[PDB]
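Be aware that the sequence shown starts at 1, since it is given in the authors' numbering, and climbs by one per residue.
All C-beta atoms, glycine included, are put in the ideal place defined by N, C-alpha and C.
Notes follow the structure.
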Amino acid sequence: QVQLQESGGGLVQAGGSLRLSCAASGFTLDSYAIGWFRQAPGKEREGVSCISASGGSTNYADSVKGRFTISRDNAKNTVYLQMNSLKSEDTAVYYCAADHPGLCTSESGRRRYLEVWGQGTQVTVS
């Protein structure tokens with residue numbers, strides 16, 4: 001019942017934009033850090049971005065710095081990944097994750113970590 005669901009994937013030309021949504025259900029993400037990952041074809045899972053519980057800290061993989069912006073809307077229980085200036089190599093399945101050790105949060109805190117994973121939304125950049 002705790003669950004993450006991604007949307008916003010699409011088919012776009014190089015240089016275009018998308019906004020991915022990571023929507024929580026069965027629980028509120030308000031106090032949790034959220035990360036985005038992707039799997040490009042024939043590649044290992046790549047960390048894309050994360051945002052801290054407060055929203056005050058954000059991380060980006062070097063390859064997407066300046067192009068992608070992560071943000072959170074607690075009221076909508078959703079975290080967004082705005083993707084501008086899309087490139088061919090941004091083509092991948094993208095999925096989010098909530099409350100994992102070292103993912104824009106402490107690597108070991110007191111709390112048991114939720115470690116929720118989503119399902120995926122697909123980005124194709126032609």
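For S88, the nearest candidate out of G16, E6, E44, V2 (CA to CA):
It is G16.
Evaluate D62 with the Cβ neighbour count: other Cβ atoms within 10 Å of its Cβ, from every protein chain shown; 16 or more gives buried, anything less gives exposed.
It is exposed - the Cβ of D62 has fewer than 16 other Cβ atoms within 10 Å.
Please state the DSSP three-state secondary structure of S126.
coil
Please confirm if the segment 116-123 is in contact with the segment 96-103, defined as three or more CB-CB distances below 8 Å between the two stretches.
yes
Counting only runs of 3+ residues fully inside the segment 21-61, write out the beta strand (DSSP E) ranges in chain order.
Entirely contained in the segment 21-61, the beta strand (DSSP E) runs reaching 3 residues are, in chain order, 34-39, 46-51, 58-60.
Taking a contact to mean a Cβ-Cβ separation below 7 Å, would you say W36 touches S54 in this structure?
no
Should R112 be listed as close to the ligand ADP, given that the test is whether its C-beta is under 6 Å from any heavy atom?
Because no ligand of any kind appears in the structure shown, any question about the ligand ADP cannot be addressed here.
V79, buried or exposed, once every other Cβ within 10 Å from all chains shown has been counted against 16
buried
Write down the C-beta distance between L11 and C22 rounded to the nearest angstrom, noting that I regard them as a contact closer than 8 Å.
That belief does not hold up - the Cβ atoms of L11 and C22 are roughly 20 Å apart, past 8 Å.
Residue range of the beta strand (DSSP E) that includes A98
92-98
If you draw a straight line from the alpha carbon of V93 to that of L20, how long is it in whole angstroms?
11 Å
Inter-residue spacing [alpha-carbon to alpha-carbon] between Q82 and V2
24 Å
For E6, does the count of other Cβ atoms within 10 angstroms reach 16, so buried, or fall short, so exposed?
buried
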